[PDB]
Every structure is written in C-alpha cells, then in structure tokens.
Participant: 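Okay, here's the structure, questions in a sec.
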Amino acid sequence: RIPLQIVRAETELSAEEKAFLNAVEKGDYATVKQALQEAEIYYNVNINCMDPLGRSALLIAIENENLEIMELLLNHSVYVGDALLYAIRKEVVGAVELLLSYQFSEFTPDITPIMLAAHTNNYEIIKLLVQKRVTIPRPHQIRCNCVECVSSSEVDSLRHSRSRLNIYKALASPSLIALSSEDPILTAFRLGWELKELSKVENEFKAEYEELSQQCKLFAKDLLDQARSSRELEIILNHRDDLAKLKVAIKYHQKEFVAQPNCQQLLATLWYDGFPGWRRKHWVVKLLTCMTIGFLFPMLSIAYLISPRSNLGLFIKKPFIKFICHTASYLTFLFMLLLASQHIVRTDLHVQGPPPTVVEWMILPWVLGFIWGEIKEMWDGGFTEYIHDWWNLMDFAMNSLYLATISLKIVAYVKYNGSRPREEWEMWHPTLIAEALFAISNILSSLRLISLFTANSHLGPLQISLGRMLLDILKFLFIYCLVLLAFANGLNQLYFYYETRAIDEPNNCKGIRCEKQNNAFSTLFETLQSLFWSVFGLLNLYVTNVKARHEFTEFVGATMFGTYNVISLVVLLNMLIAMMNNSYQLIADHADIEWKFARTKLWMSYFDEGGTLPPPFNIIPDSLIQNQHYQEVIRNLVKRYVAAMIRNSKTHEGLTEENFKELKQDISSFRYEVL
Amino acid sequence: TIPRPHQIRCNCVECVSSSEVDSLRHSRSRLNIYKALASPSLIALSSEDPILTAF
Amino acid sequence: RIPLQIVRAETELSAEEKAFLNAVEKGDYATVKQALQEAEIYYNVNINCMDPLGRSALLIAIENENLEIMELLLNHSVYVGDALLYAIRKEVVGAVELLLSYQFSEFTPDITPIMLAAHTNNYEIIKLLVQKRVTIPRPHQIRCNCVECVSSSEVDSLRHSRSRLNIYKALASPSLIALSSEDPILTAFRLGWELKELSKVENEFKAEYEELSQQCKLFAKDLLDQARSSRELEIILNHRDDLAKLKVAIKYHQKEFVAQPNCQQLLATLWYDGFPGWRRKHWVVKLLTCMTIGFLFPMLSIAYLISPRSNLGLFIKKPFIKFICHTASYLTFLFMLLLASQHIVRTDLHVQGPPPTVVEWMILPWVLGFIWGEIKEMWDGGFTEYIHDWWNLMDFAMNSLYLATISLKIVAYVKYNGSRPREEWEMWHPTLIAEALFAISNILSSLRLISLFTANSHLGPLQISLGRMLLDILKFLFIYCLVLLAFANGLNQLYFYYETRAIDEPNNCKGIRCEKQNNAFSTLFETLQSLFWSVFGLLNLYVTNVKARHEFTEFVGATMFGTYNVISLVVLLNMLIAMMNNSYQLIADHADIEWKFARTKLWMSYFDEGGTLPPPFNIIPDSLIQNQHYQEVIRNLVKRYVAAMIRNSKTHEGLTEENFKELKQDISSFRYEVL
Ligand SMILES: CC(C)CCC[C@@H](C)[C@H]1CC[C@H]2[C@@H]3CC=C4C[C@@H](OC(=O)CCC(=O)O)CC[C@]4(C)[C@H]3CC[C@]12C
Ligand SMILES: CC(C)CCC[C@@H](C)[C@H]1CC[C@H]2[C@@H]3CC=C4C[C@@H](OC(=O)CCC(=O)O)CC[C@]4(C)[C@H]3CC[C@]12C
Ligand SMILES: [Ca+2]
Ligand SMILES: [Ca+2]
Ligand SMILES: [Zn+2]
Ligand SMILES: [Zn+2]
Ligand SMILES: [Zn+2]
C-alpha cells in the first residue's frame, strides 16, 4: 500500500510552446507562420523549444516529410544541429537535399553524415554525399603501440572500441565499396580477411566483426553472379593485379566465391583437357579408360623424358592424366610394400646384418623420389604455406621414419658380421629397431591414401565432415586424460606395496600382456596401460586381488576400479556421442561448399608444369589494355548488381508508405485548389 | 496507487480467509498485481533505482 | 521447333457481352441500367452471359461488394443460382442478407449454405442462417450395413466419402456448437471421441479427422478457461448429466482439459485435505511428516476398524494419508520378502516337504489381501476397464504365481514325508518348482514399485516418456527375431552333424553354460541361446571348431557367425538408437500434459471410500436447480468466449480491406454529391 509518483520529472513547457508544437505536428502553413511572427515580436514562443521526448519542431517536420515547414524554419534561423542525421536515418532524399542546400540526441557524438549513410547502405544518399568531397577516417593496425592509440585506449576504452567498430561498419558497406573503389572484388577480399582477423583480437565484439566479414564475402559472390558471358568470366578470373584472381580468392578463403557454378564449369573445362564430352560417356567406359590409362604409367613418362614435343610425350601434361599417373605410381609403391612382408621374397631370418633384398632395392628409388619431391615443393612455393596443410606433417613423419630405417640398416650392416640366434639378441638391436620403424612407416604410408577421397562426389563430403569433427574429439581427449591420470595415481598409490618379481609368476611372465594377468597396478606405467585397456574390456577382474588376505584393501581397489569404469564408460562416452551429434548437425549444412573448395584446391595443384613426373621418374636428371577491359567489365557488373538490388528493394511497407504520402499530398493539393 | 501483496509464505488471517473463500480470485488478483508491477515503463517512471528494482 | 497453340479453346462472347461485363466490373449504375434495357428490348446482351473464367455479372458484383447492382439485377430476374454460396464464402453479411431477402461451379453439388457457413465458422452468418429454421443431415453409425449405406458405397465411393467428411466438418464447428447445443462441453467430448474413432476406420482420410478431433478438444479447453470464480468452476466440474464431469473427461481422454491450471488447483485442494498450507512448509519438515505418518500405518487402521467415527479413525479417510499408508504397507511386504531369503530365518535345506516358516506365515495374509483386493476392484468398477491399465496384467501374473507356489507347496507337503539329499532329487520336484515360481513372483512384485513414480514432480515425466518409447522397442523386436531365426536355422543346419555326448566332454558338462563351451550349434534351442548370448559378448570364438580337421566347414561357420555379428551389432542397434532419438524428440514436447493426466488418474483412485484399508487389514470382516445453474454459467462462458474470439478476429488484412472499401464508398458519395 504505497502510492506511485514521478521521480525523474521533466520540466514541461508553457501553453504557448505546447500550442506551437501541436500546430507544427498537425501541419498549418499559416498558423505556424503567425506563431513564428509572434515569437519574433513578443517572444511568446521559444524558437528552440523541445518536446519532452526530445523532438523539436524541425524533427517533427522531418518525420512528417513535409518540406515547406522545414524551409520556412530554416529561413527563420532555428537550431538546425543534428538534423541531417535524422534525415539520413529516415532515408528521405528530398529532405537530405534541403538541409544540404543550407543536450539529448539519439546518436553517439562520433557519427558523421557519411558514416551514417554508409551504415544505411542507401546508394542514392551515399552518392549525393560523396559528390561533395567527403572523407572517412581510417584506423591503425590491429596490433599498434603508437602513443595516440595507447592514450586513447587509456582514457576511454568504450569510446575507442565504439569508434573503431563504427568506422569498420561504414567501410564494409557494399554501396560505398561499389561507388568509391576501383577493384571492388579485391577490396571485399582484403576487408573480409581483416575483419575475420580482427574478430579474434576483439573477442568481446566477435559476432559483429563476423557478420561484417560475412557481408563482404556475400557482396563479392553476388557481384560475381552478374556475369553473362564466358569472355567476361575469363576476364574477371584471369585479371592480374594464370588464374591469378582465383588464386587470390583461394588464399583469402573465399569458399562461396570459388564454389559458384560458373567458376566450377570453367575449372572442369580446364581439368578435362583431353576428354571432350567426358560426362557424355557411360560410367563403365569411363572406368575402363581409367584402368587403361593407369596401367600405361611407366610409358607416357619415358616418352615425356625422351621426347617432350612428341605426340605421346604431350599426353602426361594434361591434369587428369597426370593425376591418374601419380595415383597409379603410388598404388604400385603400396603393392611393393605389401610384397615386402611375404614368404615368397623374404627368407633367412637368422642373419644379424642382412644385405638388402630385391624388394628393398626396388623400394629405395620411390623413397628417394618422395624425399626429393617434398624438398623441391617446400623450396618452390613458400615455406610458411608448406605447414598449413596438415598432410605435409604425415609426409614429414613418414620420410623421417624411412630415413631412420635406412640409417639403422646401414649401421647394422657395418657393425655386425655373422649369425646369432634371434632369441639371444639384446633389446635394442639395430635390426629390431629398423624393423619396427619400417612397420610404422608402412602404416603411415598406407593411411596417406585418404587424401584422394576429395576427388569423388560421394566420399569427399564425408571425409570433410569427419576431418571437421576431429577437432572436437581432440577437445574431449583432455578431460579424459585428466580423469585417467587421477585414477592411475590413486590405484598405484594403493597397490604399489604388493609388487612381485617375474621369477615367482608362472611362465616367468609379468604384466597384463600375459595369459594370467598380474601386477596390473604395481607401477605408474603399468597402471596407465591397464586403465587404458579396461576401456575395451580386455582387463580381467581378478587383477584387484592381492596374494595375502587383505579384504579391506581388495574391496577398496575394486571400488576404485568400478568408479573409474562407471565414470569412463557410462558418462564420458555418452557425452561424446551427444556432442558428436550436435557438431554433425551444424556441419551437414555446408558440406557441399567445403567439399568443392577442397576439390578446387586439389585440382589447382596439377595445373602448373612443375613436378610433372611421378616420384619414381622424378629423380633422373600488355597491362593497360587488360586494365581497361577489367574496368569495363566491372562497370557492367556493378551497374547490373545495383539495378537488381534496387528492384529488390521494392517492399510492401515502403510502397504503402509512399502511396499514402502521395495520396495525402494530392488530397491536400485538391483541397487547397478548391479552397 | 497500486496494492502490494503479502509475503510468499504468509499465514495472516486475511490471506487465509481469502484463500479459503475464492482461491481462483485470489490467485488471479496476485498474478495481475505482479504483472502490473513488472512493467518496464512503470518501473522507469516510478522507481529511483530501476536496476536494483528489476534485480 | 514446334509452335504453341490453344487446344481447349473457350467459346468467346460477343463485343456486346464483353462491354456489359466491363461495365459491370467497373461500376456504372446508369450504363448497366441502359445495357439491361437494351438486352430487354433488342436482346443485344445475354442476361445470363458468363465470363470465360466462370464469372457472371452477379458474381463480379458480389466480389465487388456493391449491393445496388446486385439488387437491380435481382429485380431484372437474372440467374441467381449458386450465388449465396459465393456470398457466404466471401463472408459479406450485407450481401448474404440481400440474397436471403429474395454448368461450371467452384462448389461440389452436396454443399448447402448452412454447411458452408459452418465450414467458415462465422458466428454472425451462422446465426442469421439458423434463425430461418435450417437443418443438417446426420450420418449413419461407423460400422453400418443398411442397404442405403451399401448402395451408396457401391455406386459412388468418392461422393459418399466426401459427403460424410463435409457433414462431419460442418458438425465440428465451434460456433455452430455454441449456437445450437445445450451442453457444448459434452457435445465436444463426444464428437472428438467419435472423430478419433472414425479416423482409424477411414485410414485414407486420417489427418482430416485427426484435425477435427483436435479442434473439438481445443474448443472444450478454451471454453473452460473462461471461468472467473471457484463457484463457477465447481458448478462446471460437479455437473451430473462427485466430480462427474471430470470423470467423463477422463473417460474421453481430454488431457488438455484435465491439465488446465484451475482444475489442477481444485484437485490439489481436494488432495491435501488435512494439510492446509502444505506448500508453505519446508521440504525437510514435509519429509519428516511423511516418515512419521508412514510408521504409524498399523495404527490409524485398527483405529478405523474399531471406531470409524472417532477423531483418530477419521484420519485414514484423507487421500494423502491413505496413499502414504498403502505405500508403507507395500514397503513392509517387500521388506519381509527380502527377509525371506536370509540366513537368519531360513535353515535346514535338506527336507523334502518342509512346513511353512514364520516369514512365510507372515507373508501369506498379504497375498490373500492382494488377491481379495484385485477381485473386489475387478467386480466393482467395470470388467472391461480393468484390462485397459497394463499394470493389472502384472498384478494378475504375480498373484497367479503366488497361487501356484502355494498349491505346489501344499501338494509337496501332502505327498512327501521324509528326507533325501538334494543332489539326487528329480528335475521336476515340486519344491524346486515352487522355489522357482516364488523367485519369479518376487522379481515381479519388486518391479511393481514403478507405478508410484507418477506422484513425483521429477520422476513422473521421465517414467511417462520411457513407457511411451516401449512400443517402438516392441516394433524393432520383430525384425530382430526374424533375423535371429534365419541365422539359427542356417547354423544348426551346418553344424548338426557333429554332435557329441556329455560323457566325452570334460566334467561331463554339455552346452555353453560350462567352463569350456561346446555343442553351441548342435540343436536349434542351443543355437538360439548361443546367438542370443553373443549379443553381449559371452560366447567364445572356439565354439566354431569341430573335432575333426574340416577347415572348409569351420571357415563357413566362422563366416556365418561374423556376418550375424556384423548385422546384429553394427546395423540394427544403431538404427534402434537413431529411431529412439527421433521418438524422444517428439515425446519431449507434451511430457507435462501426459504426466498431469496420469497423476490426476492416480489421485482420483483414492477419493472414493471403497478399499480404504491396506491389504493386510482389508481381509478382516434436486436436478432442475442444478440444471438452471449450469445453463446460466454456460451462457456466461459462451458469451465471454464469443466476445474474446471476435476481438481476436481483428486482423490487419481485414481492417485494411474494410478501411479501403469505406474510403471508396465515401469518396464515391462525395463525388456524386458534387456532381
Ligand atoms: C577400400 C579398399 C578397396 C581401398 C583400396 C585402395 C585403393 C585401391 C583405393 C583407395 C582410394 C581410392 C581412390 C579414391 C578416389 C578416387 C577419385 C576418383 O575420381 C573420380 O571419381 C572422378 C569423377 C568424380 O568426380 O566423380 C578416381 C579413383 C580414385 C583416385 C580412387 C582410386 C583407388 C584408390 C586409390
Ligand atoms: C532406488 C531405491 C532406493 C528404491 C527403493 C524403493 C522405495 C524405498 C522407493 C521406490 C519408489 C519410491 C516412491 C516414489 C515416489 C513417491 C511419491 C512421493 O510423493 C511426492 O513426491 C509428492 C510431492 C510432489 O508432488 O512432488 C512420496 C514418496 C514416494 C511414494 C516414494 C516412496 C519410496 C519408494 C517406494
Ligand atoms: Ca606433400
Ligand atoms: Ca490392480
Ligand atoms: Zn596507432
Ligand atoms: Zn498475509
Ligand atoms: Zn446405414
């Protein structure tokens, strides 16, 4: 039971001011005139009177989009400050032209008319403003330590951040870009890249910068979709500041630009150089052509080596043929690797240092070619780009393992000369180490074949999606490792008092890899291995029993093991499944764009003339006119895009408002004529 | 003025009698009073600490 | 290169007819008059001329909602057939009144004006039509063999079905129900039930009948939400054609009606009879009150038996107290069942026919009370309702098992007198069979405790959701069983040649329940058991080996087992998981309504005065004025609902059309006045 009052009271204006505001709002070309005369003579009305909701007479007239009252008030020298911004926001060209013809605010004090027009993206008002030689400030580098930036960040961080965001939002306007830039596509590429990089430095305002970068990418794509001819498309794609613009787009991660249908058709035409009407043929004949071209890989290569200008020697220069030949060569290498571990070719397993066999002699040139190709690619093409592939890491590991295997084999051959039973060799015998490294490198080289899946229309998107989920798998791995370490520490602390020697165990075997598992929690390493193997159910339940009858200790150990099993197998795995599902739901939307970007990147690596020969055979020893053409095509594209966007801007609300205003104007004119 | 309701757990005779005669009317009246009190415009107009009042 | 022509040409009308139609469409009170005069005199115009798009002049005027031309044409005796339907569909009251004042069509020939008005759900037009003593046909029973129905279904099934659907769609109109029914709530209940039952007989038009039933349910609920007082709510809920209307709603499956907040408050007030301000107390004190009331269950019952009118004897008549007492009694029975299988109370396991122990003597009265209560409930309350619970099946199985156990114990006690080692008893000893049946009944009785979860705010919805998924689990069971039978047949056919006797096996054990598993696929029963147990990984891999060296047979058996494992564990289980997820996604939306319906059904079973005592103690031996009140409250509710729906019918499109038409009319009037 407490009354309600007004705490922050507003100082009301007099009846004269209220009547003046009412007349201004209603619209009376004569009553407002006589009110202004009275204000001039007797000062009964304040010319600068303000509505309690901060709405002066000029603002009321602007919101009423009637220009006669505004012109009269301008002639009467009313306070005109901060009215051009209201006109711009209301998007009224006539009023904007009128004010351009010469406390409390709804706009921050850093906003300029040109910036506000750019935020609105109105081409007609932006052009009108830019016609009067306006400028826009440009911000400092993302990581800048200059005194002016440091002082600004030290006095008003909120103001600094808001000003930077406003400037970038103005600069990212498609209409401003089209009006003021000479290379709109390149400008959009660079601006999108800069905004994407800035979003992670200003982590608080991340979504705004993300949306600005998306806007720039959409503008570039939509500008590309306005091409009407193959000649125009080639002029756009081949412009050098052979497909220089496409390479720049790939560098700047313009996936929607690259995956556009007109670009994909050009790329496919370049890809199928020697097979006109490839999509006309049946899948059976295409498959048979693939097999026949694959089997002739040793030829077409010797021909290219002995006669590049010959008809046969020019066949391997086509991208699809080159890809098929490289694939066939890699498959042959893998088949020899398979042949290495067979009974047919490898015998006499009793020699300490064995000379290389025929299969190893055949294998060596492939390894040399792989290493030479990796080094040559890394030298020619950029060192910093070589590491942003995530497959070159596998290549490096595989080649390092092969080099270590060769070195260990040579060392063993030099050091050892004779025979000895394998059962009495030491643990660290060079032959044993070389065999282990060879097996690991075989696994890696066989797993490398995944990267060829992106060339297929059915397996490529699936491979991209799996590669996208791998990161979140890596995210869960951390929590799992922490839980595993905690429980391993506890179990080892409990059980380390009951260690036994291998002598007293059956068969003199110690650990969990024996037929009767024992000493599962005697050391930290063994405890970690046991807790890892219990995830798949390969650890038996009698490993929690000690030889003595310590029932309390055995029960505590069993309860520890059961709690670990519950936490690991009932909770963490199901949470992993749930978040896998959530990730795949979002990933499945953009699978096509990512797959086409990946396939374009894969195709573009076979276009150049470097590294034509497969690894087995690769170790044997005017500008102005182009600028005018680009400018003409850009003019046409910008005109078409602007016209299309203007015709799209026709909306029901705008049309209804325009018709209502026009009908009101005509009715007023007819009433005045009658009167 | 606007009436203000009793504590969430109140045993006063007036609350008990009201809940014993017309529970539907009592609940509807309480909900209407709280819906009126939770108005942003009313808060901004009549409160001196709108943030604390909203909290 | 083939030209395009017109195949189904329309016979065009003459220039006179085209001019007449143009004048009618444009609107000319004098030009149309002189055209009609010319048609009368020289017959230059056809009064019945039709637009090529089937649009006569009267239809054009109706779509123009100008009544002067329609009245003039009616005075001129133009073909007026099938125009009232167009007026009704356009929903123009003035035109409808005008035509009511006295080839090609867009309406099927079975549609009447009243049916069309009911389809539109316009209260103003429905009332206007019903004021003139109109009727609507009513259809025959869902399963009717009368000659007229058989002949109609034998001549035109499409026409018959369309007519039935149209009649039901007209009858299911909320405005028609409110206008013409004396008990709208009961009418909505019955109509929704009938439509729901009809949807599964007309399986082709299932969705239409489902939507009609949903419409009826929504109407009944929305009518209920218009109560403003507890007295009105009690009048509505207690009306008998003690909560008769609520019981009818429960019988007709009106979940949204029952789960409404005003009804739930009344039910909670009835439920907490002896605890005013129950929700005011803390959860700790509420819990402690629950425990104390539970422990005093033997008392409050003897008090009710020896003095029902006493202050102590009237406590058990409250529903919450009765529920707590029954729960405590059941928990005591389960605790005695737990005590049955302990070392403290049961000894001397060597007697063939043993006399009952003290725990069994204590157990027997509970079983007798359970059986008596089941029989009494089944007699008093309806036999056909007793089977639609799906818990009474568990009750019946449990009580049958207890009866069989008692009978077998009595038979064994009568037949056997002496002692014998248990190891030399036969397979079918009555004591062994009775023990097995007792254990199974113990499992069932312990599992019965699930039904008490619906009383809790956290476990109830979860239990309802699981019970909803059980049906789809049952759906997958069929496919799994078929696959299992196929593979069992194949494996038994392959392996039945290598059966071995138990004598030659170690420990003289035969089957897969031995320590060394053998004869896994020797018989069909054993093959089925092995293939069942392989789902959980409890079958070892050496069971596919025969004693002889038949490598082809062993490999074929291993491949069969591997194919079965892949199909069962990699495909079917993952599909089950996927469809579980899909089912839960839809189930999670309406969990609250279903849970509240279930809790209301559970609460209502403790309101009546029959079966007050728990099973241990239950074996010891005017209408007119109510009608006027209901009619008044129904009048108020219908008026409020109609007013609310009318105020909700205000839409932007309708308001804009009305304002445009009114402005056009006023402009025309002003122009005529000026002229
Ligand atoms: C699962 C087992 C059988 C793998 C055996 C290894 C190789 C025989 C496979 C592994 C990946 C395969 C490659 C995966 C995808 C492609 C792309 C494919 O190109 C297309 O499909 C082009 C037409 C299109 O775009 O659809 C040509 C075959 C090739 C190189 C495949 C050749 C055969 C490869 C090397
Ligand atoms: C998992 C183990 C511990 C089960 C042991 C068996 C019994 C001790 C449990 C099983 C189900 C329980 C019942 C489940 C739900 C309820 C409803 C509950 O009622 C409310 O919560 C009312 C208030 C509300 O609506 O939230 C009162 C206890 C009771 C009967 C529980 C009493 C104790 C029961 C019989
Ligand atoms: Ca590489
Ligand atoms: Ca029952
Ligand atoms: Zn700076
Ligand atoms: Zn109070
Ligand atoms: Zn009939």
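The sequence lines fix the lettering, A, B, ..., with proteins before strands; numbering per chain opens at 1.
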Participant: NE2/C:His239 to OH/C:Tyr630 distance, rounded to the nearest 0.5 angstrom?
Facilitator: 5.5 Å
Participant: Name the region of C:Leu233, side chain, backbone, both or neither, that has any atom closer than 4.5 Å to a heavy atom of chain B.
Facilitator: side chain
Participant: Quick check on C:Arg279: does its CZ atom have over 12 non-hydrogen neighbours (other residues, nucleotides or ligands) under 6.0 Å away?
Facilitator: no
Participant: How far does CD of C:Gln264 sit from CH2 of C:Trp271, to the nearest 0.5 angstrom?
Facilitator: 12.5 Å
Participant: For atom CG of C:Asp589, decide whether the heavy atoms of other residues, nucleotides or ligands shown that lie under 6.0 angstrom number more than 12.
Facilitator: yes
Participant: To the nearest 0.5 Å, how far apart are OH in C:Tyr304 and CZ in C:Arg309?
Facilitator: 10.0 Å
Participant: Around C:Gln631, counting heavy atoms of other residues, nucleotides and ligands shown, do more than 12 lie under 6.0 Å from its CD?
Facilitator: yes
Participant: First locate atom CG of C:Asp241, then atom CG of C:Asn627, and finally report the distance between them rounded to the nearest 0.5 Å.
Facilitator: 8.5 Å
Participant: Among residues 36-55 of chain B, which ones touch chain C with a heavy-atom distance under 4.5 Å?
Facilitator: none
Participant: Tell me whether the centres of the aromatic rings in C:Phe257 and C:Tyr252 are closer together than 6.0 Å.
Facilitator: no
Participant: Has C:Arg228 got more than 12 heavy atoms of other residues, nucleotides or ligands less than 6.0 Å from its CZ?
Facilitator: no
Participant: Once rounded to the nearest 0.5 Å, what's the spacing between atom CZ of C:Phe453 and atom CG of C:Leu462?
Facilitator: 9.0 Å
Participant: Checking an interface table here. Which of residues 21-30 of chain B come within a heavy-atom distance under 4.5 Å of chain C?
Facilitator: B:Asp22, B:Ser23, B:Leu24, B:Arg25, B:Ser27
